[PDB]
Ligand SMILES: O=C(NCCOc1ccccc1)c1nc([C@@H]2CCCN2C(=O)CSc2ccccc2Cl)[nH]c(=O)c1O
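What follows is one chain in structure tokens, specifically the form solved without the ligand.
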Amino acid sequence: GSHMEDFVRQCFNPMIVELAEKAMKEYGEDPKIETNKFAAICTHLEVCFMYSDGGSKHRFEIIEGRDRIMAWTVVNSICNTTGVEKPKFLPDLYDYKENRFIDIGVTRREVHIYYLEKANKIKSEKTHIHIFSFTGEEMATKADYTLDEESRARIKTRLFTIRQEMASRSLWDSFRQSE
């Protein structure tokens, strides 16, 4: 029974917590033990959903938060109907306006570092990358930030609020250090 576990359950909405639990079980991880990861997964879920709310109404197909098999099934429907290249790793959204997959990343470090690490890892030239930090910074493929500034600014504000709530509990240093 960690403080972090109870913190996560009061910080995030029940639907996010439940999806995060599922995600972690699917890879045999335990939200009661790997509590920093549980927090990180909830955070990544919420940001991806906030992000998808920034479009016009039918802009994005939402990939993140599906069951893994369904998620690949939908990716495949998109590849098959648009001709776009199949990614090697599950992206978070598909942008029907710009016709590209997006992978949203959230980092407790300098953005370019995580950018780079995600760029080399996906190796999907095509998949757009958009990183947010917990210090208000962002970095996106080709400096193309996809949404208007307001939709991105509120994500930055929410991440900073999570950071504060964690710091006020003395959980921040250890979450930051566990990345």
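When you see a residue number, it is the position in the sequence shown, counting from 1.
There is another form of this protein, the form solved in complex with the ligand, and it is not shown here; the text below is about that form.
Check whether residue 171 has any heavy atom within 4.5 Å of a heavy atom of the ligand in the deposited complex, and answer yes or no.
-> Residue 171: no contact with the ligand in the deposited complex.
Might residue 152 be said to contact the ligand in the deposited complex, defining contact as any heavy atom within 4.5 Å?
-> Answer no; every heavy atom of residue 152 is more than 4.5 Å from the ligand in the deposited complex.
Examine residue 41 and determine whether its closest non-hydrogen atom to the ligand in the deposited complex is within 4.5 angstroms.
-> Close contact exists here: in the deposited complex, residue 41 approaches the ligand to within 4.5 Å, heavy atoms only.
Would you check, heavy atoms only and a 4.5 Å threshold, whether residue 37 touches the ligand in the deposited complex?
-> Contact with the ligand, yes.
Who in 95 to 119 is close to the ligand in the deposited complex, meaning a heavy atom within 4.5 Å?
-> Counting only heavy atoms within 4.5 Å of the ligand in the deposited complex, the contacting residues of 95 to 119 are 103, 104, 105, 114.
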